[PDB]
$ cat coords-v4.csv   # CSV, C-alpha atoms
chain,number,residue,atom,x,y,z
J,1,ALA,CA,81.5,101.3,112.5
J,2,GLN,CA,85.3,101.5,112.3
J,3,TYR,CA,85.3,102.4,108.6
J,4,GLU,CA,82.5,104.8,107.7
J,5,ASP,CA,81.4,106.6,104.7
J,6,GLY,CA,82.4,110.3,104.9
J,7,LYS,CA,85.3,109.6,107.2
J,8,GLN,CA,88.1,107.5,105.7
J,9,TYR,CA,86.4,107.5,102.4
J,10,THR,CA,83.4,108.9,100.6
J,11,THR,CA,81.1,107.2,98.2
J,12,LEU,CA,80.4,108.4,94.7
J,13,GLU,CA,76.8,109.4,94.1
J,14,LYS,CA,77.5,108.5,90.5
J,15,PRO,CA,79.5,105.2,90.4
J,16,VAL,CA,81.7,104.6,87.4
J,17,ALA,CA,81.2,101.3,85.7
J,18,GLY,CA,84.2,99.4,84.2
J,19,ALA,CA,86.6,101.5,86.2
J,20,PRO,CA,90.1,100.2,87.1
J,21,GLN,CA,90.2,98.4,90.5
J,22,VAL,CA,92.6,100.9,92.1
J,23,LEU,CA,92.8,104.2,90.3
J,24,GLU,CA,95.2,106.9,91.4
J,25,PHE,CA,95.4,110.5,90.1
J,26,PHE,CA,98.3,112.9,90.6
J,27,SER,CA,100.1,115.9,89.2
J,28,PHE,CA,103.8,116.7,89.2
J,29,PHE,CA,102.8,120.2,90.3
J,30,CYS,CA,100.9,118.8,93.3
J,31,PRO,CA,102.7,119.3,96.6
J,32,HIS,CA,100.9,116.5,98.5
J,33,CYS,CA,101.6,114.3,95.5
J,34,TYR,CA,105.3,114.9,96.0
J,35,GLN,CA,104.9,113.8,99.6
J,36,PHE,CA,102.8,110.8,98.5
J,37,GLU,CA,105.6,109.7,96.2
J,38,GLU,CA,108.9,110.5,97.8
J,39,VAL,CA,108.1,110.6,101.6
J,40,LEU,CA,105.2,108.3,102.1
J,41,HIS,CA,105.5,105.9,99.1
J,42,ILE,CA,101.7,105.5,99.2
J,43,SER,CA,101.3,103.6,95.9
J,44,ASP,CA,103.9,101.1,96.9
J,45,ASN,CA,102.5,100.5,100.4
J,46,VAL,CA,99.0,100.1,99.0
J,47,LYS,CA,100.3,97.5,96.6
J,48,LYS,CA,101.9,95.6,99.4
J,49,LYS,CA,98.6,95.2,101.2
J,50,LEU,CA,96.4,94.5,98.1
J,51,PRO,CA,95.9,90.9,96.9
J,52,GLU,CA,97.4,90.1,93.5
J,53,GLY,CA,95.4,89.9,90.4
J,54,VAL,CA,94.7,93.5,91.5
J,55,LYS,CA,95.9,96.0,88.9
J,56,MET,CA,96.9,99.4,90.0
J,57,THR,CA,96.5,102.4,87.7
J,58,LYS,CA,98.0,105.8,88.1
J,59,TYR,CA,97.1,108.8,85.9
J,60,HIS,CA,98.4,112.4,85.5
J,61,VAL,CA,96.0,115.3,85.3
J,62,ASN,CA,95.7,118.6,83.3
J,63,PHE,CA,94.3,121.1,85.7
J,64,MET,CA,97.5,122.2,87.4
J,65,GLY,CA,100.3,124.1,85.7
J,66,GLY,CA,98.5,125.1,82.5
J,67,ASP,CA,100.4,124.4,79.3
J,68,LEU,CA,103.2,122.5,81.1
J,69,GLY,CA,100.5,120.5,82.9
J,70,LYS,CA,99.3,119.1,79.6
J,71,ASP,CA,102.9,118.4,78.5
J,72,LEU,CA,103.3,116.4,81.6
J,73,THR,CA,100.2,114.4,81.0
J,74,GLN,CA,101.5,113.5,77.5
J,75,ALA,CA,104.9,112.7,79.0
J,76,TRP,CA,103.4,110.4,81.6
J,77,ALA,CA,101.6,108.7,78.7
J,78,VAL,CA,105.0,108.2,77.1
J,79,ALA,CA,106.3,106.8,80.4
J,80,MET,CA,103.4,104.4,80.5
J,81,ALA,CA,103.8,103.2,76.9
J,82,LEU,CA,107.5,102.6,77.4
J,83,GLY,CA,107.1,101.2,80.9
J,84,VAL,CA,109.6,103.6,82.5
J,85,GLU,CA,107.4,105.1,85.3
J,86,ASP,CA,109.8,104.1,88.0
J,87,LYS,CA,112.7,105.9,86.2
J,88,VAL,CA,111.2,109.3,85.6
J,89,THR,CA,108.7,109.8,88.5
J,90,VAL,CA,111.2,111.1,90.9
J,91,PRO,CA,113.2,113.4,88.6
J,92,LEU,CA,110.0,114.8,87.2
J,93,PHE,CA,108.9,115.6,90.7
J,94,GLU,CA,112.1,117.2,91.7
J,95,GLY,CA,112.5,119.0,88.4
J,96,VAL,CA,109.1,120.6,88.8
J,97,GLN,CA,109.0,121.3,92.6
J,98,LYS,CA,112.5,121.0,94.0
J,99,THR,CA,115.1,122.4,91.5
J,100,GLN,CA,112.5,124.0,89.2
J,101,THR,CA,114.6,123.1,86.2
J,102,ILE,CA,111.6,122.0,84.2
J,103,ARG,CA,110.0,124.8,82.3
J,104,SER,CA,109.3,123.4,78.8
J,105,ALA,CA,108.5,120.2,77.0
J,106,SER,CA,112.2,120.1,76.1
J,107,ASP,CA,113.2,120.0,79.8
J,108,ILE,CA,110.7,117.2,80.4
J,109,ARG,CA,112.3,115.3,77.5
J,110,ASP,CA,115.8,115.9,79.1
J,111,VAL,CA,114.7,114.0,82.2
J,112,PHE,CA,113.9,111.0,80.1
J,113,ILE,CA,117.2,111.2,78.1
J,114,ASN,CA,119.1,111.4,81.4
J,115,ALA,CA,117.2,108.4,82.6
J,116,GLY,CA,118.4,106.5,79.7
J,117,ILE,CA,115.6,106.5,77.2
J,118,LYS,CA,116.8,107.2,73.7
J,119,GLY,CA,115.9,110.5,72.0
J,120,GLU,CA,114.6,108.7,68.9
J,121,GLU,CA,112.5,106.4,71.1
J,122,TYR,CA,111.1,109.2,73.2
J,123,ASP,CA,110.2,111.4,70.2
J,124,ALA,CA,108.5,108.5,68.3
J,125,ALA,CA,106.5,107.6,71.4
J,126,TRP,CA,105.6,111.3,72.1
J,127,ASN,CA,104.2,111.5,68.6
J,128,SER,CA,102.5,108.1,68.5
J,129,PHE,CA,98.8,107.6,68.3
J,130,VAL,CA,99.2,104.9,71.0
J,131,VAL,CA,100.3,107.8,73.3
J,132,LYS,CA,97.4,109.9,72.0
J,133,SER,CA,94.8,107.4,73.2
J,134,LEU,CA,96.8,106.9,76.4
J,135,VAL,CA,96.4,110.7,77.0
J,136,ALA,CA,92.6,110.4,76.2
J,137,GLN,CA,92.4,107.6,78.7
J,138,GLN,CA,93.9,109.7,81.5
J,139,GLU,CA,91.5,112.5,80.6
J,140,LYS,CA,88.4,110.3,80.3
J,141,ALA,CA,89.0,108.7,83.7
J,142,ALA,CA,89.4,112.1,85.4
J,143,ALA,CA,86.3,113.3,83.7
J,144,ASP,CA,84.3,110.3,84.8
J,145,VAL,CA,84.8,111.1,88.5
J,146,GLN,CA,84.4,114.9,88.4
J,147,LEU,CA,88.1,115.4,89.3
J,148,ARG,CA,88.9,118.8,90.7
J,149,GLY,CA,91.6,117.7,93.1
J,150,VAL,CA,94.7,115.6,93.5
J,151,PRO,CA,96.1,113.4,95.0
J,152,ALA,CA,93.1,111.2,94.7
J,153,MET,CA,92.5,107.5,94.7
J,154,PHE,CA,89.3,105.6,93.7
J,155,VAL,CA,88.5,102.0,94.4
J,156,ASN,CA,86.3,100.1,91.9
J,157,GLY,CA,84.9,103.4,90.6
J,158,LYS,CA,82.8,103.6,93.6
J,159,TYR,CA,84.9,104.8,96.6
J,160,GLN,CA,87.2,107.8,97.0
J,161,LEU,CA,89.9,107.8,99.7
J,162,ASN,CA,89.6,110.6,102.2
J,163,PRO,CA,93.0,111.2,103.7
J,164,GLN,CA,91.7,114.4,105.4
J,165,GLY,CA,90.2,112.0,107.9
J,166,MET,CA,93.2,110.0,109.1
J,167,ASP,CA,95.8,110.9,111.9
J,168,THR,CA,98.9,112.7,110.6
J,169,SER,CA,101.0,113.0,113.7
J,170,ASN,CA,102.8,109.9,112.5
J,171,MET,CA,103.6,109.4,108.8
J,172,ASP,CA,104.0,105.7,109.1
J,173,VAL,CA,100.6,105.3,110.9
J,174,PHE,CA,99.0,107.5,108.2
J,175,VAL,CA,100.3,105.3,105.4
J,176,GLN,CA,99.2,102.0,106.9
J,177,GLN,CA,95.8,103.5,107.7
J,178,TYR,CA,95.5,104.7,104.2
J,179,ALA,CA,96.6,101.3,102.8
J,180,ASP,CA,94.4,99.3,105.1
J,181,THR,CA,91.5,101.5,104.0
J,182,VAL,CA,92.2,100.7,100.4
J,183,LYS,CA,92.2,97.0,101.3
J,184,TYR,CA,88.9,97.3,103.1
J,185,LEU,CA,87.3,99.1,100.2
J,186,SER,CA,88.8,96.6,97.9
J,187,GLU,CA,87.1,93.7,99.7
J,188,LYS,CA,83.8,95.6,100.0
$ encode --input "coords-v4.csv" --output "structure tokens"
Amino acid sequence: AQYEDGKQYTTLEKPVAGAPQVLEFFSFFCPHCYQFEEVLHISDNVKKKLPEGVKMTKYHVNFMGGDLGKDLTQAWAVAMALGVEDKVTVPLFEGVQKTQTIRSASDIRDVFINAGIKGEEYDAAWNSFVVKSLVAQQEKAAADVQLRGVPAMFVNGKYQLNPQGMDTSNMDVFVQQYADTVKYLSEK
């Protein structure tokens, strides 16, 4: 066929019921994730080719960067609760991988302050039980699909994107192939 299991995607031997339609995993320590966000804009291009009534979920993971990794998963929960994903995503990436000015929870917090979130609002969210369960959600979803690597995208808890198998001589062709693939799997 043109799309075949094991080439642009793989199928989970153990499907995950009740999974979000398009589930994306990343880490701010993850170099390809940086690419995916700032150079390729994968999430956005996927969105542009999906229908609507299709929700897109993106979660942070713990298994990179030890103690700071977890802080970042909690911070992303805060970002989700407050709806400020599009204001902190880029400075978190650059703070971790470009400038390397993020070294503690306090530095993560500074990024949010600089992006205009109020200290009091950040600290209350950080400490809220709504953020606690949002952290648990991120963890549960990763645990459900045996996640040992990022970036990763899952469709309907049954298919996993396999970017290893797409041409990378052209970045724009790579992205569209990636997005068309998500759309194919979506319609499957």
$ closest_residue --input "coords-v4.csv" --among "J:59, J:76, J:3, J:178" --to "residue 147 (chain J)" --atoms "all atoms listed in the file"
J:59
$ atom_distance --input "coords-v4.csv" --atom1 "CA of residue 107 (chain J)" --atom2 "CA of residue 137 (chain J)"
24.2 Å
$ closest_residue --input "coords-v4.csv" --among "J:166, J:22, J:179, J:1" --to "residue 48 (chain J)" --atoms "all atoms listed in the file"
J:179
$ atom_distance --input "coords-v4.csv" --atom1 "CA of residue 57 (chain J)" --atom2 "CA of residue 169 (chain J)"
28.4 Å
$ closest_residue --input "coords-v4.csv" --among "J:188, J:49, J:41, J:109" --to "residue 88 (chain J)" --atoms "only C-alpha atoms"
J:109
$ atom_distance --input "coords-v4.csv" --atom1 "CA of residue 8 (chain J)" --atom2 "CA of residue 73 (chain J)"
28.4 Å
$ closest_residue --input "coords-v4.csv" --among "J:72, J:108, J:182, J:171" --to "residue 154 (chain J)" --atoms "only C-alpha atoms"
J:182
$ closest_residue --input "coords-v4.csv" --among "J:96, J:17, J:82, J:40" --to "residue 117 (chain J)" --atoms "all atoms listed in the file"
J:82
$ residues_near_point --input "coords-v4.csv" --point "(113.4, 117.4, 90.7)" --cutoff "12 Å" --atoms "only C-alpha atoms" --output "VMD selection string"
chain J and resid 28 to 29 34 38 88 to 103 107 to 108 110 to 111
$ closest_atom_pairs --input "coords-v4.csv" --of "region 3-108 of chain J" --to "region 138-145 of chain J" --cutoff "10 Å" --atoms "all atoms listed in the file" --output "CSV"
residue,atom,partner,partner_atom,distance
J:12,CA,J:145,CA,8.1
J:13,CA,J:145,CA,9.9
J:14,CA,J:145,CA,8.0
J:15,CA,J:145,CA,8.2
J:16,CA,J:144,CA,6.8
J:17,CA,J:144,CA,9.6
J:19,CA,J:141,CA,8.0
J:20,CA,J:141,CA,9.2
J:23,CA,J:141,CA,8.8
J:24,CA,J:142,CA,9.8
J:25,CA,J:142,CA,7.8
J:57,CA,J:138,CA,9.9
J:58,CA,J:138,CA,8.7
J:59,CA,J:138,CA,5.5
J:60,CA,J:138,CA,6.6
J:61,CA,J:139,CA,7.1
J:62,CA,J:139,CA,7.9
J:73,CA,J:138,CA,7.9
J:74,CA,J:138,CA,9.4
J:76,CA,J:138,CA,9.5
J:77,CA,J:138,CA,8.3
$ closest_residue --input "coords-v4.csv" --among "J:146, J:181, J:45, J:106" --to "residue 165 (chain J)" --atoms "all atoms listed in the file"
J:181
$ residues_around --input "coords-v4.csv" --residues "residue 167 (chain J)" --least-positions-apart "5" --cutoff "9 Å" --atoms "all atoms listed in the file" --output "VMD selection string"
chain J and resid 173 to 174 177
$ residues_around --input "coords-v4.csv" --residues "residue 185 (chain J)" --least-positions-apart "2" --cutoff "9 Å" --atoms "only C-alpha atoms" --output "JSON, numbers by chain"
{"J": [9, 155, 156, 159, 180, 181, 182, 183, 187, 188]}
$ residues_around --input "coords-v4.csv" --residues "residue 30 (chain J)" --least-positions-apart "3" --cutoff "8 Å" --atoms "only C-alpha atoms" --output "PyMOL selection string"
chain J and resi 26-27+33-34+64+150-151
$ build_atoms --input "coords-v4.csv" --residues "region 108-133 of chain J" --atoms "N, CA and C atoms" --output "JSON list (two decimals), keeping the file's coordinate frame"
[["chain", "number", "residue", "atom", "x", "y", "z"],
["J", 108, "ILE", "N", 111.30, 118.47, 79.99],
["J", 108, "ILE", "CA", 110.70, 117.20, 80.40],
["J", 108, "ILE", "C", 111.45, 116.07, 79.66],
["J", 109, "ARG", "N", 111.57, 116.23, 78.34],
["J", 109, "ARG", "CA", 112.30, 115.30, 77.50],
["J", 109, "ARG", "C", 113.76, 115.02, 78.08],
["J", 110, "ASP", "N", 114.44, 116.06, 78.58],
["J", 110, "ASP", "CA", 115.80, 115.90, 79.10],
["J", 110, "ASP", "C", 115.87, 114.90, 80.22],
["J", 111, "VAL", "N", 114.84, 114.95, 81.06],
["J", 111, "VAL", "CA", 114.70, 114.00, 82.20],
["J", 111, "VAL", "C", 114.70, 112.57, 81.69],
["J", 112, "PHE", "N", 113.93, 112.30, 80.64],
["J", 112, "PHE", "CA", 113.90, 111.00, 80.10],
["J", 112, "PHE", "C", 115.24, 110.54, 79.46],
["J", 113, "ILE", "N", 115.88, 111.45, 78.73],
["J", 113, "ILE", "CA", 117.20, 111.20, 78.10],
["J", 113, "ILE", "C", 118.22, 110.84, 79.22],
["J", 114, "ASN", "N", 118.19, 111.63, 80.28],
["J", 114, "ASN", "CA", 119.10, 111.40, 81.40],
["J", 114, "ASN", "C", 118.78, 110.09, 82.06],
["J", 115, "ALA", "N", 117.52, 109.67, 82.01],
["J", 115, "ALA", "CA", 117.20, 108.40, 82.60],
["J", 115, "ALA", "C", 117.46, 107.27, 81.70],
["J", 116, "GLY", "N", 118.00, 107.56, 80.52],
["J", 116, "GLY", "CA", 118.40, 106.50, 79.70],
["J", 116, "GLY", "C", 117.58, 106.05, 78.49],
["J", 117, "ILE", "N", 116.43, 106.69, 78.34],
["J", 117, "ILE", "CA", 115.60, 106.50, 77.20],
["J", 117, "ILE", "C", 116.18, 107.20, 75.99],
["J", 118, "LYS", "N", 116.14, 106.60, 74.81],
["J", 118, "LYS", "CA", 116.80, 107.20, 73.70],
["J", 118, "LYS", "C", 115.97, 108.23, 73.00],
["J", 119, "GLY", "N", 116.61, 109.32, 72.57],
["J", 119, "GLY", "CA", 115.90, 110.50, 72.00],
["J", 119, "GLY", "C", 114.91, 110.06, 70.93],
["J", 120, "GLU", "N", 115.37, 109.27, 69.97],
["J", 120, "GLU", "CA", 114.60, 108.70, 68.90],
["J", 120, "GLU", "C", 113.37, 107.92, 69.42],
["J", 121, "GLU", "N", 113.58, 107.22, 70.52],
["J", 121, "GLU", "CA", 112.50, 106.40, 71.10],
["J", 121, "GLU", "C", 111.51, 107.26, 71.83],
["J", 122, "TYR", "N", 112.00, 108.28, 72.52],
["J", 122, "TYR", "CA", 111.10, 109.20, 73.20],
["J", 122, "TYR", "C", 110.29, 110.04, 72.16],
["J", 123, "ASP", "N", 110.93, 110.61, 71.14],
["J", 123, "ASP", "CA", 110.20, 111.40, 70.20],
["J", 123, "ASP", "C", 109.15, 110.63, 69.37],
["J", 124, "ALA", "N", 109.46, 109.38, 69.02],
["J", 124, "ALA", "CA", 108.50, 108.50, 68.30],
["J", 124, "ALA", "C", 107.31, 108.23, 69.22],
["J", 125, "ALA", "N", 107.58, 107.82, 70.45],
["J", 125, "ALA", "CA", 106.50, 107.60, 71.40],
["J", 125, "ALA", "C", 105.66, 108.88, 71.60],
["J", 126, "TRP", "N", 106.33, 109.99, 71.91],
["J", 126, "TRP", "CA", 105.60, 111.30, 72.10],
["J", 126, "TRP", "C", 104.62, 111.57, 71.02],
["J", 127, "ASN", "N", 104.97, 111.19, 69.79],
["J", 127, "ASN", "CA", 104.20, 111.50, 68.60],
["J", 127, "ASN", "C", 103.25, 110.41, 68.18],
["J", 128, "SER", "N", 103.32, 109.28, 68.87],
["J", 128, "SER", "CA", 102.50, 108.10, 68.50],
["J", 128, "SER", "C", 101.05, 108.22, 68.82],
["J", 129, "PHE", "N", 100.20, 107.55, 68.03],
["J", 129, "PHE", "CA", 98.80, 107.60, 68.30],
["J", 129, "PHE", "C", 98.43, 106.64, 69.44],
["J", 130, "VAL", "N", 99.34, 105.74, 69.77],
["J", 130, "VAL", "CA", 99.20, 104.90, 71.00],
["J", 130, "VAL", "C", 99.32, 105.85, 72.22],
["J", 131, "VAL", "N", 100.18, 106.86, 72.15],
["J", 131, "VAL", "CA", 100.30, 107.80, 73.30],
["J", 131, "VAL", "C", 99.11, 108.75, 73.29],
["J", 132, "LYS", "N", 98.62, 109.12, 72.11],
["J", 132, "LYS", "CA", 97.40, 109.90, 72.00],
["J", 132, "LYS", "C", 96.25, 109.31, 72.75],
["J", 133, "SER", "N", 96.01, 108.03, 72.54],
["J", 133, "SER", "CA", 94.80, 107.40, 73.20],
["J", 133, "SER", "C", 95.11, 107.19, 74.64]]
